[PDB]
Amino acid sequence: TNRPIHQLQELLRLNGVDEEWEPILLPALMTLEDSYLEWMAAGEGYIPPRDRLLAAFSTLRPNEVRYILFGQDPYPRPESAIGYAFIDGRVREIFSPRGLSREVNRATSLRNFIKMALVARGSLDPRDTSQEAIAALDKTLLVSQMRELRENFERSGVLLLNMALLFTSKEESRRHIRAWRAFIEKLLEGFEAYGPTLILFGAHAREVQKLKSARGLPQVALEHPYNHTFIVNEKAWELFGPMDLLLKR
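So, on to helix 8 (residues 173–190). The end-to-end C-alpha distance of helix 8, which contains 18 residues, comes to 25 Å, matching closely the 26 Å that a straight helix rising 1.5 Å per residue would cover. Approximately 40° is the largest bend angle found in helix 8, and it occurs at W180.

Structural data, given as structure tokens:
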């Protein structure tokens, strides 16, 4: 039975992925069932668009991956899903004259993660992460765009990897994650030599215990940033603190 190797190399080029990713990424992708791959090539009826499915691989090279931060599947919103775990494509500006921007405040998990980073870097008192305290901050050294927070994740070697790389509807998400599980298992198999650390937010930890190759990699399990308590989660301070993800490079 023929495999769509030429089409998959095309998909990598369309996403801007370097050819160094082929030894790890082509096997992984080849675990998807052939009809699913044909539908995926058709490019209709799912988010993010086909040219963004692998955006998490479009800058990092395999030996630069120090962490793999997991999400479930793309955000249920066309403008939000942009091929990265955790990064919400609705958010552009991080701050406003009033504190955090409206789009940051709407995205609960990113709101609490950004407050967490402001605490861990010594800008905010952990007791007061209010919009007033944030507005009072001197932000001349800090990022101004969600794009730059993503870029800083990548500078720190973080592969922002969703369990499934595409979304069709809320209903079909479980089926998609199941269809991508072999892809994830093969991809983690491929990272065994590099030994990057899995960052597991909340429930993502439990699910990761189902895969074989995940046991071959170090793991750090955290409270999910959706919870406001995440802001003063000191394990988060110690993991993400050294990354200084809000510092403008």
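Still more ground to cover, so stick around.
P48 follows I47 through a cis peptide bond whose omega is 0°. With respect to the secondary-structure elements, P48 resides in the loop between helix 3 (34–42) and strand 1 (67–71).

Let us now look at the pairing of strand 4 (residues 158–162). Counting buried residues in strand 4 gives five out of five residues, a clear majority hidden from the surface. Burial of the side chains of strand 4 extends over both faces: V158, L160 and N162 are buried on one face and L159 and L161 on the other. Sheet analysis places strand 1 next to strand 4, joined by five bridges and oriented parallel. Note that in strand 4 the partner of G71 across the bridge is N162.

Thresholds, definitions, all that
- Residues numbered from 1 in each chain as written, not as in the entry; some residues may be left out.
- Heavy atoms only, no water.
- Residues with missing side-chain atoms left out of burial classes, pairs and counts.
- Helix = DSSP H or I, 4+ residues; strand = E, 2+ residues; numbered from the N terminus.
- Expected span 1.5 Å × (residues − 1).
- Bend = angle between axes of the 7 residues up to and from the residue.
- Buried < 20%, exposed > 50% of the residue type's maximum accessible area, 1.4 Å probe, protein only.
- Pairing = 2+ DSSP bridges.

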